[PDB]
Amino acid sequence: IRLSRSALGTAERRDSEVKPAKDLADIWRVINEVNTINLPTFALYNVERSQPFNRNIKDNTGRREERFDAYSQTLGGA
Amino acid sequence: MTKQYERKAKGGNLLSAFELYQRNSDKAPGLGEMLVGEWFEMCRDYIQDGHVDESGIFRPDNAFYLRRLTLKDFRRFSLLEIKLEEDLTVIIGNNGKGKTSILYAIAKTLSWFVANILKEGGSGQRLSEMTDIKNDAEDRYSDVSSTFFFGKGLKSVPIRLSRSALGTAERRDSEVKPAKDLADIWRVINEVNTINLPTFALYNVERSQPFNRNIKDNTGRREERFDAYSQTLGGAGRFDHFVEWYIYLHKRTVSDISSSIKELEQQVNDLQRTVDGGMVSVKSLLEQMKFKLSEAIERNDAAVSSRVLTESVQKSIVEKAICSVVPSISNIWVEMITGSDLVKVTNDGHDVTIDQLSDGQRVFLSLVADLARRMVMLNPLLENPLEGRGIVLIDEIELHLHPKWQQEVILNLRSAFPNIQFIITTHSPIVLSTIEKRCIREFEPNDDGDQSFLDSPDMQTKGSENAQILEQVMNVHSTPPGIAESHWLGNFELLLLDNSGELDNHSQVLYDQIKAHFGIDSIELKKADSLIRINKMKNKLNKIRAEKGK
Amino acid sequence: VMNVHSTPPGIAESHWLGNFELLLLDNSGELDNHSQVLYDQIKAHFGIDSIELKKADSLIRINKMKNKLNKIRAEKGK
Ligand SMILES: Nc1ncnc2c1ncn2[C@@H]1O[C@H](COP(=O)(O)OP(=O)(O)O)[C@@H](O)[C@H]1O
């Protein structure tokens with residue numbers, strides 16, 4: 001998988017080659033929906049962690065109980 | 001009534017002189033101008049007197065700093081009393097030992113000073129209900145005590161911040177009256193005639209903001225002298241405010257007033273002659289700029305009457321403060337890229353912007369830049385505004401800093417800001433290696449808050465080895481205890497000591513695996529070889545002694 | 001690995017052991033006025049139980065008896 005970007009004000013724009021990642025994640029998602037499987041975990045813990053306080057707002061964001069809530073803001077840094 | 005006040009004021013007291021000035025302020029003026037001004041030019045001199053030492057650093061005659069702090073039932077501390085150094089105090093300990101709580105309490109105490117400096121009879125921050133009162137405390141209340149020092153005239157100004165818990169008979173009240181008195185002195189002396197005010201800054205863990213490229217346009221609030229007190233004791237410094245102020249300085253340096261006031265005068269001269277004959281319609285709706293001319297005349301005398309430094313001079317001072325403290329930064333300036341003005345720096349010979357800066361460099365840059373801006377804005381009467389009074393609290397001074405940078409983070413800060421009392425907390429022994437032993441307050445590993453005083457370490461940390469400071473001061477083994485390979489040298493030493501000294505199979509296999517793991521010329525192998533050498537020589541000496549006689 | 005000194009280089013007290021090495025090896029390995037002054041400074045700053053003073057006194061002991069043995073050997077080598 002290759003991520004590519006061109007600078008501002010450039011006539012020629014470079015594209016990204018992200019198809020194999022889509023294929024692998026499609027395999028994971030389709031197999032999981034047909035029959036439950038174990039899904040990989042992708043997390044990023046950058047400097048944006050260590051923020052003060054906890055449970056700032058009620059955070060109406062999508063029912064933490066459901067399984068695919070584990071991928072929400074998983075690579076945000078905090 | 002006034003005889004004792006007159007006698008005491010000549011002896012070196014400002015509070016009595018302040019009371020005399022306040023009491024004679026509302027009396028009959030003119031005939032009593034000399035007597036009321038004599039107290040003014042004794043209270044103002046107390047805050048303004050100072051000499052330049054042999055090192056070329058302005059040393060105030062009367063320094064302002066906090067002497068001792070007492071915490072009673074405040075969080076994990078049942079009763080803790082702390083004595084603080086005049087220049088630099090370092091608080092060290094394990095996690096959850098209350099180091100952050102001490103800085104938080106000092107910031108809350110300084111909040112009242114800041115508030116009463118800003119507004120007449122202002123109210124500072126006061127303790128929390130939910131999290132500040134000690135749990136399982138039989139009194140359900142807490143208080144913090146401060147004993148600031150402002151020269152021989154004010155040897156002690158006790159400050160008490162107190163609070164009760166959720167549900168009590170008597171609500172404990174504060175004793176912020178001396179802080180109000182001192183800040184009232186500062187404010188009214190400044191308002192009668194501009195003086196230098198102390199800077200109180202708190203830098204918490206929450207100073208690692210990722211920075212925003214979008215900054216609000218300069219409305220004018222970032223150039224007021226009383227803007228260095230905005231969110232100063234609030235954790236993160238206002239780096240966006242610094243960026244706006246720096247861009248303002250760049251714009252006013254590249255534009256200046258001598259290239260605009262003369263143009264306004266020329267336009268007025270042309271238009272007035274044009275409207276001389278009549279038809280003043282070309283000036284009735286053009287009178288707005290003629291009145292804006294007088295408006296620009298105002299707010300400009302304040303730049304000459306308050307003895308503020310030139311904007312170019314302020315820019316140069318801030319730039320040289322930033323570059324001489326941050327190691328990677330070489331120079332900093334503003335460019336008009338695609339119209340908007342943005343700040344660029346020089347990191348390791350490259351010209352990245354602020355948003356491209358790493359978190360380690362950006363946080364330290366923001367800290368030093370905010371401190372320099374606040375000192376420059378609050379100290380307009382000094383040749384070097386960085387040599388001004390103040391108390392700055394920094395939590396985790398080594399945050400996001402490489403060990404190479406930790407060896408020079410204290411010396412640079414002390415050199416840039418000589419007259420600020422720094423109260424810091426650290427987790428690194430590399431920083432402690434550059435700090436005097438007298439400046440360190442330590443929490444014992446076996447401490448649940450029942451202790452009453454913070455002692456200095458027994459070993460001199462300044463100029464010491466990192467391993468020695470890790471062992472004696474921080475009680476950390478040089479090698480990791482949880483790694484099996486870290487005990488091989490001691491096991492080899494014991495297995496060679498109990499044996500006759502010859503390398504038997506048990507010692508030989510351990511030596512071989514030590515060689516295989518650490519390497520051919522690791523320190524462990526050299527130490528093992530030296531132990532073999534000394535054991536062989538000791539055996540030789542014992543054999544010689546046995547052969548000498550029976 | 002970190003490419004960092006274990007002892008800070010910007011501290012004047014860090015080079016005191018090396019300075020003592022120089023001022024001790026200069027004449028024959030014996031103490032004199034400036035060497036004794038530097039030893040007193042090391043003792044007062046680092047302390048009595050500090051490893052710095054232990055290294056300094058071990059160095060003094062080694063050098064004094066090295067000088068004695070050198071004189072003994074030079075006596076018979078003439
Ligand atoms: N109100 C309280 N009552 C009792 N213990 C508390 C209270 N507030 C905090 N603590 C404890 O005291 C410590 C506070 O941590 P902190 O002041 O940040 O110390 P450090 O900065 O050294 O990590 C933690 O161990 C916490 O559990």
Side-chain angles (χ1 to χ4, degrees), chain B residues 55 88 90 324-325 327 348 360 397-398 401-416 426 428-440 456-474 476 478-480 518-519 522-524 530 534, chain C residues 1-26 29 31-70 72-73 76:
Chain B
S55 181
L88 166 77
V90 190
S324 68
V325 174
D348 315 297
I397 182 58
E398 82 281 335
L401 291 194
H402 188 73
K404 189 165 300 151
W405 282 24
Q406 301 175 2
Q407 278 179 345
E408 51 193 289
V409 67
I410 297 300
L411 319 174
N412 287 357
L413 271 186
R414 290 301 303 155
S415 310
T426 188
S428 57
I430 288 167
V431 169
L432 287 191
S433 77
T434 63
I435 297 168
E436 287 281 332
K437 155 184 88 53
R438 77 175 165 76
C439 307
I440 290 152
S456 296
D458 291 331
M459 182 179 72
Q460 173 65 238
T461 70
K462 183 143 206 207
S464 294
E465 294 293 328
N466 186 19
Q468 290 317 305
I469 303 167
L470 265 170
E471 293 179 349
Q472 287 69 60
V473 165
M474 293 180 183
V476 179
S478 65
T479 66
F518 287 108
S522 55
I523 180 55
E524 281 79 31
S530 68
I534 195 166
Chain C
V1 181
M2 295 296 172
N3 189 359
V4 171
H5 286 104
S6 50
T7 310
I11 304 299
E13 284 82 8
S14 53
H15 309 335
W16 277 1
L17 277 296
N19 295 8
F20 195 77
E21 183 70 27
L22 275 296
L23 283 72
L24 183 63
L25 287 183
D26 65 339
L31 286 168
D32 61 354
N33 45 285
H34 42 89
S35 295
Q36 184 82 68
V37 167
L38 189 49
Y39 182 84
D40 294 335
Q41 296 175 257
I42 284 168
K43 182 175 73 175
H45 174 65
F46 286 116
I48 290 290
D49 297 330
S50 74
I51 73 160
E52 273 88 10
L53 186 77
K54 301 220 194 93
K55 288 187 283 186
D57 63 52
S58 176
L59 183 63
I60 286 178
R61 290 195 302 264
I62 288 158
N63 275 287
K64 156 175 50 62
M65 65 182 179
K66 280 173 82 175
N67 176 29
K68 198 205 66 159
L69 179 62
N70 193 5
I72 285 171
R73 285 188 65 253
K76 69 181 179 67

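Only heavy atoms go into these numbers, but all of them, side chains included; no hydrogens, no water, no symmetry mates. Within every chain, numbering begins at 1; the chains are lettered A, B, ... in the order of the sequence lines, protein sequences first and strands thereafter.
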Side chain, backbone, both or neither of C:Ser6 within contact of chain B (heavy atoms, under 4.5 Å): both

Minimum heavy-atom distance C:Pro8-B:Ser464, with the two atoms named: CD-O, 4.0 Å

Flag if over 12 foreign heavy atoms under 6.0 Å of CG, C:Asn33: yes

Winner by heavy-atom pair count (cut-off under 4.5 Å) against chain C, out of B:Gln468, B:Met459, B:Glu408: B:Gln468

C:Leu25, CG atom: more than 12 neighbouring heavy atoms under 6.0 Å: yes

C:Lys55 atom NZ, over 12 foreign heavy atoms within 6.0 Å: yes

Minimal non-hydrogen separation, C:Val4 against B:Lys404, with atom names: CG2-N, 3.8 Å

Atom pair NE2/NZ of C:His45 and B:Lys437 - distance to nearest 0.5 Å: 10.0 Å

Part of C:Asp49 lying under 4.5 Å from any heavy atom of chain B: neither

Approximate separation, where rounding is to 0.5 Å, of C:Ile51 CD1 and B:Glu471 CD: 9.0 Å

Rounded distance (nearest 0.5 Å) linking atom OG1 of B:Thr434 with atom CD of C:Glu13: 11.5 Å

Heavy-atom side-chain contact between C:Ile11 and B:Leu411 under 4.5 Å: yes

Minimal non-hydrogen separation, B:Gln407 against C:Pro9, with atom names: OE1-CD, 3.5 Å

Heavy-atom side-chain proximity of B:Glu465 to C:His5 below 4.5 angstrom: no

Interatomic spacing from CE in C:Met2 to CD1 in B:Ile430 - rounded to 0.5 Å: 8.5 Å

Side chain, backbone, both or neither of B:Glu436 within contact of chain C (heavy atoms, under 4.5 Å): side chain

B:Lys462 versus C:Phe46, closest heavy-atom pair with distance: O-CE2, 3.4 Å

Taking every non-hydrogen atom, the tightest pair across B:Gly463 and C:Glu52: O-OE2, 3.8 Å

Over 12 non-hydrogen atoms of neighbours within 6.0 angstrom of CG in C:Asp32: yes

